[PDB]
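Below is run_17.txt, which holds compact mmCIF, C-alpha atoms (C1' of nucleotides).
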```
# COMPACT_ATOMS: atom_id res chain seq x y z
CA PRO A 148 -27.77 1.60 -12.40
CA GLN A 149 -25.16 3.79 -10.71
CA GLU A 150 -26.15 2.12 -7.43
CA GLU A 151 -23.68 -0.83 -7.37
CA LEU A 152 -22.82 -0.80 -11.13
CA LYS A 153 -19.62 -2.96 -10.96
CA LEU A 154 -18.53 -2.23 -14.52
CA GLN A 155 -16.80 -5.10 -16.31
CA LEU A 156 -13.67 -3.75 -17.98
CA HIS A 157 -10.36 -5.57 -18.23
CA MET A 158 -7.32 -5.49 -20.48
CA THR A 159 -8.91 -8.43 -22.29
CA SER A 160 -11.69 -6.00 -23.23
CA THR A 161 -9.48 -3.39 -24.93
CA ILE A 162 -8.03 -6.02 -27.25
CA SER A 163 -11.41 -7.66 -27.93
CA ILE A 164 -13.00 -4.36 -28.98
CA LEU A 165 -9.88 -3.73 -31.06
CA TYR A 166 -10.30 -7.08 -32.82
CA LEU A 167 -13.92 -6.43 -33.80
CA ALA A 168 -12.94 -3.19 -35.51
CA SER A 169 -10.57 -5.26 -37.65
CA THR A 170 -13.26 -7.61 -38.99
CA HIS A 171 -15.78 -4.89 -39.76
CA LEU A 172 -13.02 -3.22 -41.78
CA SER A 173 -12.19 -6.76 -43.07
CA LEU A 174 -8.48 -6.70 -42.17
CA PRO A 175 -5.92 -9.55 -42.31
CA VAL A 176 -4.82 -8.73 -38.74
CA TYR A 177 -5.89 -11.30 -36.14
CA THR A 178 -5.35 -12.49 -32.57
CA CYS A 179 -2.14 -14.10 -33.76
CA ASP A 180 -1.35 -10.68 -35.24
CA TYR A 181 -2.27 -9.07 -31.91
CA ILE A 182 -0.54 -11.34 -29.40
CA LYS A 183 2.54 -10.93 -31.64
CA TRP A 184 2.16 -7.14 -31.45
CA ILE A 185 1.60 -6.98 -27.66
CA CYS A 186 3.95 -9.59 -26.19
CA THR A 187 6.67 -8.21 -28.45
CA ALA A 188 6.08 -4.82 -26.71
CA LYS A 189 4.71 -2.98 -29.73
CA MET A 190 1.31 -1.68 -28.92
CA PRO A 191 0.87 -0.62 -25.28
CA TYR A 192 -1.01 -3.54 -23.82
CA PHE A 193 1.64 -4.34 -21.20
CA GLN A 194 2.56 -1.82 -18.47
CA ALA A 195 -0.22 0.62 -19.28
CA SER A 196 -1.04 1.93 -15.80
CA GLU A 197 2.43 3.10 -15.01
CA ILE A 198 3.57 5.23 -17.95
CA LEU A 199 0.51 6.34 -19.90
CA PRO A 200 -1.50 8.89 -17.73
CA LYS A 201 1.37 10.80 -15.97
CA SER A 202 -1.09 13.21 -14.36
CA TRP A 203 -4.25 11.16 -13.81
CA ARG A 204 -2.44 8.36 -12.02
CA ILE A 205 -2.30 9.24 -8.37
CA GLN A 206 -5.93 9.40 -7.20
CA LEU A 207 -6.75 6.01 -8.74
CA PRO A 208 -7.08 3.29 -6.04
CA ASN A 209 -4.77 0.30 -5.65
CA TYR A 210 -6.85 -2.52 -7.11
CA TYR A 211 -8.01 -0.39 -10.04
CA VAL A 212 -4.49 0.58 -11.08
CA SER A 213 -3.55 -3.10 -10.83
CA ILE A 214 -6.03 -4.13 -13.53
CA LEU A 215 -5.20 -1.39 -16.02
CA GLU A 216 -1.55 -2.34 -16.60
CA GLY A 217 -0.67 -5.44 -18.59
CA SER A 218 -0.75 -7.84 -15.64
CA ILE A 219 -0.83 -11.20 -17.44
CA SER A 220 -1.31 -12.22 -20.99
CA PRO A 221 -4.71 -13.72 -21.96
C1' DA B 1 33.87 35.37 83.49
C1' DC B 2 35.77 34.99 77.01
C1' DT B 3 35.91 32.02 73.67
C1' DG B 4 34.83 30.47 69.56
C1' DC B 5 31.58 31.96 65.76
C1' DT B 6 29.75 35.11 62.90
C1' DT B 7 28.72 38.81 59.43
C1' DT B 8 29.29 42.28 55.97
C1' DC B 9 32.26 43.50 53.10
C1' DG B 10 34.99 45.20 49.15
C1' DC B 11 39.20 49.79 42.19
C1' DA B 12 35.14 52.54 37.66
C1' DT B 13 33.17 50.66 31.93
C1' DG B 14 33.57 47.73 28.04
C1' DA B 15 31.43 42.70 27.06
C1' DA B 16 33.49 38.23 27.77
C1' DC B 17 16.76 17.44 31.35
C1' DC B 18 15.62 12.75 28.03
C1' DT B 19 11.80 8.50 26.44
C1' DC B 20 9.17 8.77 21.78
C1' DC B 21 9.20 9.93 17.32
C1' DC B 22 10.58 10.07 13.27
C1' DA B 23 13.26 7.96 11.38
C1' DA B 24 14.34 2.80 7.63
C1' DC B 25 13.39 -1.36 5.73
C1' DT B 26 11.60 -4.91 6.29
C1' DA B 27 6.95 -8.20 6.45
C1' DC B 28 1.62 -9.18 6.27
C1' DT B 29 -2.55 -7.50 5.75
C1' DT B 30 -6.29 -4.62 3.21
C1' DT B 31 -9.87 -2.89 -1.09
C1' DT B 32 -13.19 -5.33 -4.50
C1' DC B 33 -11.54 -6.44 -9.29
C1' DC B 34 -11.97 -10.21 -13.21
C1' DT B 35 -12.55 -15.01 -14.88
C1' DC B 36 -14.31 -18.65 -15.34
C1' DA B 37 -15.94 -25.35 -15.21
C1' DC B 38 -18.40 -26.90 -12.20
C1' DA B 39 -23.35 -29.80 -10.42
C1' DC B 40 -28.05 -32.42 -12.75
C1' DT B 41 -30.82 -33.04 -16.23
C1' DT B 42 -32.49 -33.91 -21.26
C1' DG B 43 -32.40 -34.87 -26.10
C1' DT B 44 -30.56 -37.40 -29.79
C1' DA B 45 -27.73 -40.76 -31.55
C1' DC B 46 -27.20 -45.80 -33.14
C1' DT B 47 -27.91 -49.89 -30.42
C1' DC B 48 -31.06 -53.01 -28.33
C1' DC B 49 -34.71 -57.53 -26.88
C1' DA B 50 -39.53 -58.77 -26.88
```
Could I get this file's structure written as structure tokens?
Amino acid sequence: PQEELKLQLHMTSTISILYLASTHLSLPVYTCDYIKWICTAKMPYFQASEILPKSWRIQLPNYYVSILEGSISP
DNA sequence: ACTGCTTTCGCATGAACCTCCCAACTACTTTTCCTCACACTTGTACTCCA
């Protein structure tokens, strides 16, 4: 319900839904072949809030823009 | 009586204040997000004691 929805999205989600598309396609890429392509600054997991939108940034509140960049690693 | 004691007055034109706020960079909060390992049971393992 839109009344107090509290949607559960994190940067751990956008890798997890990117891992499941790899096993339905039956790919040899894994979470060792994801954490080696994100912590080596290859696909934009880290620092995503700050450089990606460039026009949609400013009206987003402070705790929401905190979650969308690559804050920690999982 | 007479002084001091006033009072108008001027060659013609050109022109020649102060407190509070918005500063600047510090620091110490806000605005709700995500991420989970913790309490008592219960079921299942391999002992038991009569």
Shell of 8 Å around residue 215 in chain A, only C-alpha atoms (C1' of nucleotides), local chain residues under 2 positions omitted, as a VMD selection string: chain A and resid 157 to 158 195 to 196 211 to 213 217 to 218
What are the residues of chain A lining chain B at 9 Å or less? Count only C-alpha atoms (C1' of nucleotides), and put the answer as a short mmCIF file (atom, residue, chain, number, x, y, z; two decimals) with C-alpha atoms, keeping the file's coordinate frame.
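Generated file (iface_38.cif):
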```cif
data_model
loop_
_atom_site.label_atom_id
_atom_site.label_comp_id
_atom_site.auth_asym_id
_atom_site.auth_seq_id
_atom_site.Cartn_x
_atom_site.Cartn_y
_atom_site.Cartn_z
CA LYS A 153 -19.62 -2.96 -10.96
CA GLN A 155 -16.80 -5.10 -16.31
CA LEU A 156 -13.67 -3.75 -17.98
CA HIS A 157 -10.36 -5.57 -18.23
CA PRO A 208 -7.08 3.29 -6.04
CA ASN A 209 -4.77 0.30 -5.65
CA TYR A 210 -6.85 -2.52 -7.11
CA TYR A 211 -8.01 -0.39 -10.04
CA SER A 213 -3.55 -3.10 -10.83
CA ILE A 214 -6.03 -4.13 -13.53
#
```
Kindly extract all protein, DNA and RNA residues lying within 8 Å of the coordinates (0.9, -5.5, -19.7) given in the file, considering all atoms listed in the file, and supply them as an NGL selection string. :A and (191-195 or 216-220)
What is the distance, in Å and to one decimal place, between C1' of residue 35 in chain B and CA of residue 177 in chain A? 22.6 Å
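Atom to atom, CA of residue 202 in chain A and CA of residue 166 in chain A stand 28.9 Å apart.
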Taking into account only C-alpha atoms, which residue in the set A:205, A:199, A:171, A:162 is nearest to residue 184 in chain A?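 Among the listed residues, the smallest separation from residue 184 in chain A belongs to A:162.
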Between CA of residue 151 in chain A and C1' of residue 37 in chain B, measure the distance and give it in Å to one decimal. 26.9 Å
Quick one: 6 Å padding each side, axis-aligned, all listed atoms of range 163-180 of chain A - centre and edge lengths in Å to one decimal, as lines of an AutoDock Vina configuration file?
```
center_x = -8.6
center_y = -8.6
center_z = -35.5
size_x = 26.4
size_y = 22.9
size_z = 27.1
```
